[PDB]
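Source file: input_20.pdb (PDB, C-alpha atoms)
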ATOM      1  CA  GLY B   1      68.267 121.953 193.103  1.00  0.00           C
ATOM      2  CA  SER B   2      67.141 119.451 195.711  1.00  0.00           C
ATOM      3  CA  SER B   3      68.513 116.085 194.658  1.00  0.00           C
ATOM      4  CA  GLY B   4      66.277 113.999 196.888  1.00  0.00           C
ATOM      5  CA  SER B   5      63.056 115.591 195.697  1.00  0.00           C
ATOM      6  CA  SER B   6      64.089 115.242 192.073  1.00  0.00           C
ATOM      7  CA  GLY B   7      64.836 111.569 192.604  1.00  0.00           C
ATOM      8  CA  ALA B   8      61.398 111.270 194.160  1.00  0.00           C
ATOM      9  CA  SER B   9      59.948 113.383 191.375  1.00  0.00           C
ATOM     10  CA  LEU B  10      61.631 111.256 188.734  1.00  0.00           C
ATOM     11  CA  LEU B  11      58.909 108.776 189.613  1.00  0.00           C
ATOM     12  CA  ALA B  12      56.301 111.297 188.529  1.00  0.00           C
ATOM     13  CA  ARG B  13      58.486 112.968 185.930  1.00  0.00           C
ATOM     14  CA  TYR B  14      59.213 109.659 184.240  1.00  0.00           C
ATOM     15  CA  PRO B  15      57.264 106.394 184.001  1.00  0.00           C
ATOM     16  CA  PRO B  16      58.069 103.184 185.889  1.00  0.00           C
ATOM     17  CA  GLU B  17      58.996 101.406 182.680  1.00  0.00           C
ATOM     18  CA  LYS B  18      61.641 104.086 182.297  1.00  0.00           C
ATOM     19  CA  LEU B  19      62.604 104.360 185.947  1.00  0.00           C
ATOM     20  CA  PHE B  20      66.187 103.252 186.463  1.00  0.00           C
ATOM     21  CA  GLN B  21      68.514 103.676 189.419  1.00  0.00           C
ATOM     22  CA  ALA B  22      72.282 103.997 189.565  1.00  0.00           C
ATOM     23  CA  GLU B  23      73.924 100.655 190.248  1.00  0.00           C
ATOM     24  CA  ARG B  24      77.206 102.214 191.310  1.00  0.00           C
ATOM     25  CA  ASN B  25      78.920 105.582 191.530  1.00  0.00           C
ATOM     26  CA  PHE B  26      79.194 106.603 187.896  1.00  0.00           C
ATOM     27  CA  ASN B  27      82.132 108.783 186.927  1.00  0.00           C
ATOM     28  CA  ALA B  28      81.749 111.017 183.896  1.00  0.00           C
ATOM     29  CA  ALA B  29      84.036 109.684 181.191  1.00  0.00           C
ATOM     30  CA  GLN B  30      83.061 111.898 178.279  1.00  0.00           C
ATOM     31  CA  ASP B  31      81.496 115.319 177.860  1.00  0.00           C
ATOM     32  CA  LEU B  32      78.186 113.623 177.149  1.00  0.00           C
ATOM     33  CA  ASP B  33      78.537 111.791 180.444  1.00  0.00           C
ATOM     34  CA  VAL B  34      77.693 113.198 183.854  1.00  0.00           C
ATOM     35  CA  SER B  35      78.640 112.235 187.390  1.00  0.00           C
ATOM     36  CA  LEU B  36      75.918 110.349 189.224  1.00  0.00           C
ATOM     37  CA  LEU B  37      75.332 108.654 192.557  1.00  0.00           C
ATOM     38  CA  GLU B  38      74.643 104.976 193.122  1.00  0.00           C
ATOM     39  CA  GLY B  39      71.865 106.285 195.334  1.00  0.00           C
ATOM     40  CA  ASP B  40      70.641 108.719 192.706  1.00  0.00           C
ATOM     41  CA  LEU B  41      67.823 107.713 190.388  1.00  0.00           C
ATOM     42  CA  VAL B  42      67.351 108.559 186.730  1.00  0.00           C
ATOM     43  CA  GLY B  43      64.638 108.216 184.112  1.00  0.00           C
ATOM     44  CA  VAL B  44      65.628 106.709 180.785  1.00  0.00           C
ATOM     45  CA  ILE B  45      65.089 109.296 178.075  1.00  0.00           C
ATOM     46  CA  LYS B  46      66.355 107.694 174.888  1.00  0.00           C
ATOM     47  CA  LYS B  47      67.448 104.126 174.252  1.00  0.00           C
ATOM     48  CA  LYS B  48      69.836 105.275 171.550  1.00  0.00           C
ATOM     49  CA  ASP B  49      72.572 107.769 170.764  1.00  0.00           C
ATOM     50  CA  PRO B  50      73.901 109.945 167.933  1.00  0.00           C
ATOM     51  CA  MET B  51      76.344 107.252 166.881  1.00  0.00           C
ATOM     52  CA  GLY B  52      74.614 103.887 166.786  1.00  0.00           C
ATOM     53  CA  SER B  53      74.865 102.050 170.086  1.00  0.00           C
ATOM     54  CA  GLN B  54      72.197 100.717 172.417  1.00  0.00           C
ATOM     55  CA  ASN B  55      74.830 100.249 175.095  1.00  0.00           C
ATOM     56  CA  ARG B  56      74.724 103.947 175.895  1.00  0.00           C
ATOM     57  CA  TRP B  57      71.352 105.462 176.705  1.00  0.00           C
ATOM     58  CA  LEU B  58      70.353 109.023 177.509  1.00  0.00           C
ATOM     59  CA  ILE B  59      69.064 109.626 181.016  1.00  0.00           C
ATOM     60  CA  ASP B  60      68.184 112.667 183.092  1.00  0.00           C
ATOM     61  CA  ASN B  61      69.788 113.228 186.474  1.00  0.00           C
ATOM     62  CA  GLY B  62      67.043 115.691 187.324  1.00  0.00           C
ATOM     63  CA  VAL B  63      69.650 118.301 186.476  1.00  0.00           C
ATOM     64  CA  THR B  64      70.915 117.735 182.954  1.00  0.00           C
ATOM     65  CA  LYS B  65      71.180 115.181 180.173  1.00  0.00           C
ATOM     66  CA  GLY B  66      73.966 112.625 180.351  1.00  0.00           C
ATOM     67  CA  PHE B  67      74.881 109.373 178.641  1.00  0.00           C
ATOM     68  CA  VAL B  68      75.534 106.196 180.590  1.00  0.00           C
ATOM     69  CA  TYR B  69      75.498 102.464 179.959  1.00  0.00           C
ATOM     70  CA  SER B  70      72.405 100.630 181.140  1.00  0.00           C
ATOM     71  CA  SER B  71      74.993  98.428 182.808  1.00  0.00           C
ATOM     72  CA  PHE B  72      75.679 101.189 185.305  1.00  0.00           C
ATOM     73  CA  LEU B  73      71.937 101.639 185.646  1.00  0.00           C
ATOM     74  CA  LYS B  74      69.290  99.243 186.901  1.00  0.00           C
ATOM     75  CA  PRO B  75      65.565  98.718 186.291  1.00  0.00           C
ATOM     76  CA  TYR B  76      63.899 100.193 189.353  1.00  0.00           C
ATOM     77  CA  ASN B  77      60.636  98.903 190.773  1.00  0.00           C
ATOM     78  CA  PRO B  78      58.350 101.412 192.503  1.00  0.00           C
ATOM     79  CA  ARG B  79      55.863  98.570 192.752  1.00  0.00           C
ATOM     80  CA  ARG B  80      54.568  97.871 196.240  1.00  0.00           C
ATOM     81  CA  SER B  81      54.258 101.209 197.998  1.00  0.00           C
ATOM     82  CA  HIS B  82      57.060 103.194 196.408  1.00  0.00           C
ATOM     83  CA  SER B  83      55.857 106.400 194.797  1.00  0.00           C
ATOM     84  CA  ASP B  84      55.813 110.100 195.599  1.00  0.00           C
ATOM     85  CA  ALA B  85      54.916 113.337 193.856  1.00  0.00           C
ATOM     86  CA  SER B  86      55.133 117.068 194.457  1.00  0.00           C
ATOM     87  CA  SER B  87      54.228 120.462 193.046  1.00  0.00           C
ATOM     88  CA  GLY B  88      55.316 124.086 193.113  1.00  0.00           C
ATOM     89  CA  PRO B  89      53.191 127.235 192.824  1.00  0.00           C
ATOM     90  CA  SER B  90      54.221 130.491 191.190  1.00  0.00           C
ATOM     91  CA  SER B  91      55.291 133.746 192.798  1.00  0.00           C
ATOM     92  CA  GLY B  92      56.480 137.244 191.980  1.00  0.00           C
TER      93      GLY B  92
END
Rendering of file as C-alpha cells:
Amino acid sequence: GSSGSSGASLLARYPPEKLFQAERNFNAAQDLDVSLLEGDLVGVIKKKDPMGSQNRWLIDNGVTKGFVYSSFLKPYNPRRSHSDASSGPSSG
C-alpha cells in the first residue's frame, strides 16, 4: 500500500549504499521478476542469486521480492537534502 511513501521509506528502510532507483520501466520476465516503475525506487537486498550470477540482484519494491539486473537499476544519491522517514502507531 502507498507506493510513494514506501519509495520515501525505502530511504529509511534501506541504506544509501543500497538505495537504487529504476532506470526504466522494468517488465517482469520471470516469476522471480516483478514489474517496476522507472520512477519507483528499490533497496538492494542481495547482490547474488540462487544460481550464480551477479548480474541479477534481489531488490524490494516495498511490496515483494523481485529479481532485476542492476542494469535496469541505478545507484541513487539521497545526498544533499534528499531523505524522508515515517512511522505508524498501533490500533485495535
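Nearest-residue note for residue 73 in chain B: choosing from B:29, B:58, B:42, B:22, the minimum distance belongs to B:22, counting all atoms listed in the file.
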Among the residues B:16, B:7, B:66, B:78, the one that comes closest to residue 49 in chain B [using all atoms listed in the file]: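 Once distances to residue 49 in chain B are computed over all atoms listed in the file, the minimum belongs to B:66.
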Chain and number of each residue from the PyMOL selection byres ((chain B and resi 9) around 12), as a PyMOL selection string: chain B and resi 2-8+10-16+19+40-43+60-63+82-88
Find the residues near residue 25 in chain B: any atom within 12 Å, counting only C-alpha atoms, skip ones fewer than 5 places away on the same chain, and give them as a compact mmCIF listing (two decimals) with C-alpha atoms, keeping the file's coordinate frame.
# COMPACT_ATOMS: atom_id res chain seq x y z
CA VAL B 34 77.69 113.20 183.85
CA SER B 35 78.64 112.24 187.39
CA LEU B 36 75.92 110.35 189.22
CA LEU B 37 75.33 108.65 192.56
CA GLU B 38 74.64 104.98 193.12
CA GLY B 39 71.86 106.28 195.33
CA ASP B 40 70.64 108.72 192.71
CA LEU B 41 67.82 107.71 190.39
CA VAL B 68 75.53 106.20 180.59
CA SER B 71 74.99 98.43 182.81
CA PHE B 72 75.68 101.19 185.30
CA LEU B 73 71.94 101.64 185.65
Atom-to-atom span, CA of residue 51 in chain B and CA of residue 69 in chain B, Å: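 So the answer is 14.0 Å.
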Cut-off 7 Å around (68.6, 102.9, 175.2) with all atoms listed in the file: residues as a PyMOL selection string: chain B and resi 46-48+54-58
Selected residue, from B:75, B:59, B:67, B:17, that lies nearest to residue 30 in chain B when counting all atoms listed in the file: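 Checking each of B:75, B:59, B:67, B:17 against residue 30 in chain B, counting all atoms listed in the file, the winner is B:67.
Going from CA of residue 45 in chain B to CA of residue 65 in chain B covers 8.7 Å.
Across the model, the gap from CA of residue 28 in chain B to CA of residue 52 in chain B is 19.9 Å.
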Need the axis-aligned box for range 67-85 of chain B with 6 Å each side, so what are the centre and edges in Å to one decimal, as lines of an AutoDock Vina configuration file?
center_x = 65.0
center_y = 105.6
center_z = 188.3
size_x = 33.4
size_y = 27.5
size_z = 31.4
Nearest-residue call for residue 18 in chain B, choices B:81, B:53, B:44, B:70, using all atoms listed in the file: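 Distance minimum relative to residue 18 in chain B lands on B:44.
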Since the input is missing atoms, can you rebuild N, CA, C and O atoms for range 47-71 of chain B and write them as a CSV table (one decimal), keeping the file's coordinate frame?
chain,number,residue,atom,x,y,z
B,47,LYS,N,66.7,105.4,174.3
B,47,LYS,CA,67.4,104.1,174.3
B,47,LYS,C,68.4,104.1,173.0
B,47,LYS,O,68.5,103.0,172.4
B,48,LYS,N,68.9,105.2,172.7
B,48,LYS,CA,69.8,105.3,171.6
B,48,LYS,C,70.8,106.4,171.8
B,48,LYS,O,70.9,107.0,172.8
B,49,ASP,N,71.6,106.7,170.7
B,49,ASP,CA,72.6,107.8,170.8
B,49,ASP,C,73.0,108.2,169.3
B,49,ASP,O,72.8,107.4,168.4
B,50,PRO,N,73.5,109.4,169.2
B,50,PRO,CA,73.9,109.9,167.9
B,50,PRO,C,75.2,109.3,167.5
B,50,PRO,O,76.2,110.0,167.3
B,51,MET,N,75.2,108.0,167.3
B,51,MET,CA,76.3,107.3,166.9
B,51,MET,C,76.0,105.9,166.4
B,51,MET,O,76.5,105.4,165.4
B,52,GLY,N,75.1,105.2,167.1
B,52,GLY,CA,74.6,103.9,166.8
B,52,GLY,C,75.1,102.9,167.8
B,52,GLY,O,75.9,102.0,167.5
B,53,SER,N,74.5,103.0,169.0
B,53,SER,CA,74.9,102.0,170.1
B,53,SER,C,73.8,102.1,171.2
B,53,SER,O,73.4,103.1,171.7
B,54,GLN,N,73.2,100.9,171.4
B,54,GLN,CA,72.2,100.7,172.4
B,54,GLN,C,72.8,100.6,173.8
B,54,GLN,O,72.1,100.6,174.8
B,55,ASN,N,74.1,100.4,173.8
B,55,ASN,CA,74.8,100.2,175.1
B,55,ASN,C,74.7,101.5,175.9
B,55,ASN,O,74.5,101.5,177.1
B,56,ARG,N,74.8,102.7,175.2
B,56,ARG,CA,74.7,103.9,175.9
B,56,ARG,C,73.3,104.5,175.7
B,56,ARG,O,72.9,104.7,174.5
B,57,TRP,N,72.7,104.9,176.8
B,57,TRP,CA,71.4,105.5,176.7
B,57,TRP,C,71.4,106.9,177.3
B,57,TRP,O,72.3,107.2,178.1
B,58,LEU,N,70.4,107.7,177.0
B,58,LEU,CA,70.4,109.0,177.5
B,58,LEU,C,69.4,109.1,178.7
B,58,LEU,O,68.2,108.7,178.5
B,59,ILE,N,69.9,109.5,179.8
B,59,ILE,CA,69.1,109.6,181.0
B,59,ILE,C,69.1,111.1,181.6
B,59,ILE,O,70.0,111.8,181.2
B,60,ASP,N,68.2,111.3,182.5
B,60,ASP,CA,68.2,112.7,183.1
B,60,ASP,C,68.4,112.5,184.6
B,60,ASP,O,67.7,111.8,185.3
B,61,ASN,N,69.4,113.3,185.1
B,61,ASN,CA,69.8,113.2,186.5
B,61,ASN,C,69.1,114.4,187.2
B,61,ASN,O,69.6,115.0,188.1
B,62,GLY,N,67.8,114.6,186.7
B,62,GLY,CA,67.0,115.7,187.3
B,62,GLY,C,67.8,117.0,187.4
B,62,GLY,O,67.5,117.9,188.2
B,63,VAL,N,68.8,117.1,186.5
B,63,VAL,CA,69.6,118.3,186.5
B,63,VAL,C,70.0,118.6,185.0
B,63,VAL,O,69.8,119.7,184.6
B,64,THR,N,70.5,117.6,184.3
B,64,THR,CA,70.9,117.7,183.0
B,64,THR,C,70.7,116.4,182.2
B,64,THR,O,70.1,115.5,182.7
B,65,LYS,N,71.3,116.4,181.0
B,65,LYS,CA,71.2,115.2,180.2
B,65,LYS,C,72.6,114.6,180.0
B,65,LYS,O,73.5,115.2,179.5
B,66,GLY,N,72.7,113.3,180.4
B,66,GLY,CA,74.0,112.6,180.4
B,66,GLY,C,73.8,111.3,179.7
B,66,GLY,O,72.7,110.8,179.6
B,67,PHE,N,74.9,110.7,179.3
B,67,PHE,CA,74.9,109.4,178.6
B,67,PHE,C,75.6,108.3,179.5
B,67,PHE,O,76.8,108.5,179.8
B,68,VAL,N,74.9,107.3,179.8
B,68,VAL,CA,75.5,106.2,180.6
B,68,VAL,C,75.1,104.8,180.0
B,68,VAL,O,74.1,104.8,179.3
B,69,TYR,N,75.8,103.8,180.4
B,69,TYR,CA,75.5,102.5,180.0
B,69,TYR,C,74.5,101.8,180.9
B,69,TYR,O,74.8,101.7,182.1
B,70,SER,N,73.4,101.3,180.4
B,70,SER,CA,72.4,100.6,181.1
B,70,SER,C,73.1,99.8,182.2
B,70,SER,O,72.5,99.5,183.3
B,71,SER,N,74.3,99.3,181.9
B,71,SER,CA,75.0,98.4,182.8
B,71,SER,C,75.1,99.1,184.2
B,71,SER,O,74.9,98.5,185.2
